[PDB]
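Peer 1: Fold the following for me, if possible:
(chains A, B and C, ligands or ions: 6)
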Amino acid sequence: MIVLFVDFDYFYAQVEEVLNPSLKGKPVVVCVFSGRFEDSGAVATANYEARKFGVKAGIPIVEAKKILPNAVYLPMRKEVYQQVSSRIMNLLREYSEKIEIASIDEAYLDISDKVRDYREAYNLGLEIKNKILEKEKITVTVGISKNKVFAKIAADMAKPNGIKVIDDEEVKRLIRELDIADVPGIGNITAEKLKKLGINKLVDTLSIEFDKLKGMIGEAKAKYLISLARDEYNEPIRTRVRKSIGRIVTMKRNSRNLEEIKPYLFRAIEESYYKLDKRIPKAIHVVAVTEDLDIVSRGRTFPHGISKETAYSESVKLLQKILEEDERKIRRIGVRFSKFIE
DNA sequence: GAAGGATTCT
DNA sequence: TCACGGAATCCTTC
Ligand SMILES: [Ca+2]
Ligand SMILES: [Ca+2]
Ligand SMILES: [Mg+2]
Ligand SMILES: [Mg+2]
Ligand code: NA
Ligand code: NA
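Peer 2: Numbers count the residues shown, from 1 in each chain, chains lettered A, B, ... in the order given. Ligands and ions are numbered 1, 2, ... in the order given. What follows is the structure:
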């Protein structure tokens, strides 16, 4: 099984430069201005010239400006980014129909039967990679390996505009030598718990019992890491189609008055439905980020589909459900739909 | 199960 | 109105 992974290089930034090639070379920064007071919001992701100064996705726009106040700060244009993404997603589809679209800027392709013997695989990387460059003016990094996990580590290790392979050999090394926080799925929270147990590399898992790890990371990740470590990991390229569609939005002020919150919640609902299209959800969920951030949520699953009209109402019920259990004020508000009808 | 929370990642 | 956006998914609840 050979797994070829394409992550696009700082995507939303790149697209903005492709649409405006005068930016290229400067440091472009793509953000989500919340109009909550002129520079309220967060970065979204950022050109390499910009990244290298510590301006990364997720930091506050005003934090970023203490760093690069002369860099180009553009507002996140999601649809533009999506139509440029599908063009690319389609291009790769032709290469190995057995693909799995990870995110807006990620795709796994299974090239097991399309090619055998990595030498071949690498060359395809160049083709795939070169073709997107050709068609979309978008540079991408390519990671190859026996499975999704390692294929992606390769891409991680080689970005931007990169192309790394990862033969078993190296793979067997990484099991032993690669730092555990760099294993995909593993973030700081779980990394810190792993250091505490003593585990720093994948191989270490086979030194600890397993029921313990379940204690601290839960069987789920507990099986996962042991699986990779074992070299016995294999998850074929599913093509998971979205299992959840939502929206959250940032109010221009914290609230506990509905009429105040209400116009946002619908603004969210209307979008969420456009995002849904021909899909009909059996479940709704109203999510609220508090003046604190305790990210509270009340929901409901109906035994039938939810019509837009029913999505309004219930939500207002669910917003009220929140408005009086906790007692804190609301920062962001939104809705999330699930449990679709096949 | 269904429900609500926590975690990971751009 | 005075730093923390948006989107999923998992992974663990009662
Ligand atoms: Ca990591
Ligand atoms: Ca299998
Ligand atoms: Mg990426
Ligand atoms: Mg990226
Ligand atoms: Na049960
Ligand atoms: Na019960």
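Peer 1: Against DNA strand B, how distant is the residue of the stretch 201-342 of chain A found nearest ligand 3?
Peer 2: Nearest to ligand 3, among the residues of the stretch 201-342 of chain A, is residue A:240, at 17.1 Å (CB to the ion). Placement of C-beta: from N, CA and C, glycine included. For residue A:240, the distance to DNA strand B equals 15 Å [CB to the nearest atom of the strand, to the nearest Å].
Peer 1: Which residues are in contact with that residue?
Peer 2: Residues in contact with residue A:240, defined by CB atoms under 8 Å, 6 or more residues apart in numbering, are residue A:100.
Peer 1: Secondary structure element for whichever residue of the stretch 101-250 of chain A sits closest to DNA strand C, which one?
Peer 2: Nearest residue of the stretch 101-250 of chain A to DNA strand C, counting by CB to the nearest atom of the strand: residue A:218, 2.5 Å away. Assessed by DSSP states H and E, residue A:218 sits inside helix A:211-230.
Peer 1: got the CA positions of that helix in PDB?
Peer 2: Taking Å, rounded to 0.1, in the frame of the first residue of the first chain, the C-alpha atoms of helix A:211-230 are listed here in PDB:
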ATOM      1  CA  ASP A 211      -4.500  -0.100  30.200                       C
ATOM      2  CA  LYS A 212      -2.500   2.600  31.900                       C
ATOM      3  CA  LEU A 213      -2.200   4.700  28.800                       C
ATOM      4  CA  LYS A 214      -5.900   4.300  28.400                       C
ATOM      5  CA  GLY A 215      -5.900   5.900  31.900                       C
ATOM      6  CA  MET A 216      -4.400   9.100  30.600                       C
ATOM      7  CA  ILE A 217      -5.000   9.300  26.800                       C
ATOM      8  CA  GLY A 218      -7.900   6.800  26.600                       C
ATOM      9  CA  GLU A 219      -8.000   3.600  24.600                       C
ATOM     10  CA  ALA A 220      -8.700   5.500  21.400                       C
ATOM     11  CA  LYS A 221      -5.300   7.200  21.100                       C
ATOM     12  CA  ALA A 222      -3.900   4.300  23.100                       C
ATOM     13  CA  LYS A 223      -4.600   1.800  20.400                       C
ATOM     14  CA  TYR A 224      -3.600   4.400  17.700                       C
ATOM     15  CA  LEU A 225       0.000   5.000  18.900                       C
ATOM     16  CA  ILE A 226       0.600   1.300  19.700                       C
ATOM     17  CA  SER A 227      -0.600   0.600  16.200                       C
ATOM     18  CA  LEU A 228       1.800   2.900  14.500                       C
ATOM     19  CA  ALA A 229       4.700   1.800  16.800                       C
ATOM     20  CA  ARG A 230       3.900  -1.800  15.900                       C
END
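Peer 1: Tell me the buried residues in it?
Peer 2: Neighbour-count burial for helix A:211-230 flags A:213, A:217, A:221, A:222, A:224, A:225, A:226, A:227, A:228, A:229 (criterion: 16 or more other CB atoms under 10 Å).
Peer 1: What of stretch A:309-318?
Peer 2: Those would be A:311, A:314, A:315, A:318, for stretch A:309-318 by 16+ other CB under 10 Å.
Peer 1: can I assume the last one is in contact with residue A:286?
Peer 2: Yes. If you go by CB atoms under 8 Å, residue A:318 and residue A:286 touch, sitting 3.9 Å apart.
Peer 1: Can you tell me the number of residues neighbouring residue A:74?
Peer 2: Number of residues near residue A:74 (other CB atoms under 10 Å) recorded here: 18.
Peer 1: what lines up beside the lengthiest strand in chain A in the sheet?
Peer 2: Within chain A, and with DSSP state E defining each element, the longest strand by residue count is strand A:244-255. Applying DSSP bridges to the sheet, strand A:244-255 is found paired with strand A:330-338 (antiparallel).
Peer 1: to the chain's geometric centre, what's the distance from the strand it pairs with?
Peer 2: Centroid displacement of strand A:330-338 relative to its chain, using CA atoms, centre = their mean, to the nearest Å, is 18 Å.
Peer 1: go on, stretch A:90-103?
Peer 2: 17 Å.
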